[PDB]
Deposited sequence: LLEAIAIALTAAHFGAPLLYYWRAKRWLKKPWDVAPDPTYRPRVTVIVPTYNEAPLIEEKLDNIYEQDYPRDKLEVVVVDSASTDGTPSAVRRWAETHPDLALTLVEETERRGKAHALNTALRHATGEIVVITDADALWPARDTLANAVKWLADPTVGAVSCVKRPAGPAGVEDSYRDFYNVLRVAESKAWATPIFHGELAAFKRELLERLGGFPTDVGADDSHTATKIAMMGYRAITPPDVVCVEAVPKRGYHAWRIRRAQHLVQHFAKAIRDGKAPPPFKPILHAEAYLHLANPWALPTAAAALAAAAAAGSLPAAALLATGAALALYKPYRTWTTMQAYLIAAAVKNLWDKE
């Protein structure tokens, strides 16, 4: 009996994403319902929140300086949340050598988290477009910012983020959901919002971890569009040490985000399938996997040996990488739900 539910749960667990992926690939066929406008030239405020990133901060403001967006339409706000290792002290060094780039560095009381810093920065922002970008993120081309901005021209588009590149099943979901209506996941490498909507929201909330995705999703719910077009590209920043902990800090942010998002309001009809499927994939399906694993483990230790064959196959499939990064993602999600439940105390 426990092999029965193990294979049922395995079927349900792997079938949910594959069916969703097929519906995404049919969304991917339709043409964009909005167009980037290359002559659109709004005032743009780029906000870099920093706590202890000195090597990265000098590479980062180099990266923003090198953007080809008209410098009279651009300003940077760097927010240090009262960090120790003298990154503000590097920041005005870079500001000494680059005076023609409009810059305001703003220092905090002490660290109250990223969203709170973003709201402080927001009361300095003067642009029509507000771009959040993490300090460890580098834009690979001198037109990355301009490309995001072209996509913000349409009045229905409220937010744009990048696709990440060097299983790009992920990127398919991103731009398919983008074309359908909105994608509920944004990337901190580049998150661009129309400031009028941030003011209506108002600001970023301090209780969700995935600031970008939460704002993007709130803008989608408001009847605006939140998209990651394929030509707005950033390279993912990988931390190095503590990779699993970092990936689990991000799973936990996605789990908090989707948990709060589906307990609020009604999505525009084209968005409610998107929201519910991605909330399912982040909050439900991961549990099906290790429950099946344990039922097979019990059936193996006591009695049956088709069960133990299924687990041994499971390992032999741990050799090839797509299945590896899938089951490890499910692992991060389950760990995250656990740490989420026990952290609030």
In sequence order, the deposited-sequence ranges that have no modelled C-alpha atom = 167 to 176
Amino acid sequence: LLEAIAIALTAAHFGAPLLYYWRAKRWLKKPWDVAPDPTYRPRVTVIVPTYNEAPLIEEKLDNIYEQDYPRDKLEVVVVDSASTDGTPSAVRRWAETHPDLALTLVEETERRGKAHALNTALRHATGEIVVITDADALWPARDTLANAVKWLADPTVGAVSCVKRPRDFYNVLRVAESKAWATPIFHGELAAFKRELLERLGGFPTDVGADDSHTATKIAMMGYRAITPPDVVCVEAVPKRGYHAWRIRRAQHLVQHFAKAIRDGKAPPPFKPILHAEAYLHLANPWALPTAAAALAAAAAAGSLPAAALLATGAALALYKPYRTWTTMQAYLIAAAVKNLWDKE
From here on, numbers count along this sequence of modelled residues.
Stretch with higher mean Cα temperature factor, 195 to 203 vs 151 to 159, is 195 to 203
Residue stretch of maximal mean CA temperature factor, 83 to 91 vs 269 to 277 = 83 to 91
If you compare 70, 38, 303, 286, which has the highest Cα B-factor in the entry?
-> 303
Top Cα B factor in the deposited entry, candidates 177, 231, 96, 212 = 96
Just say lowest, middle or highest third for the CA B-factor of residue 42 relative to the other modelled residues in its chain.
-> lowest
Which third of the chain holds residue 223 when residues are ordered by C-alpha B factor: lowest, middle or highest?
-> lowest
Lowest, middle or highest third of the chain for the C-alpha temperature factor of residue 119?
-> middle
Quick tally, chain-level thirds of C-alpha B-factors: residue 134 sits in the middle
Looking at the entry's B-factor column for C-alpha atoms only, identify whether residue 18 ranks in the lowest, middle or highest third of its chain.
-> highest
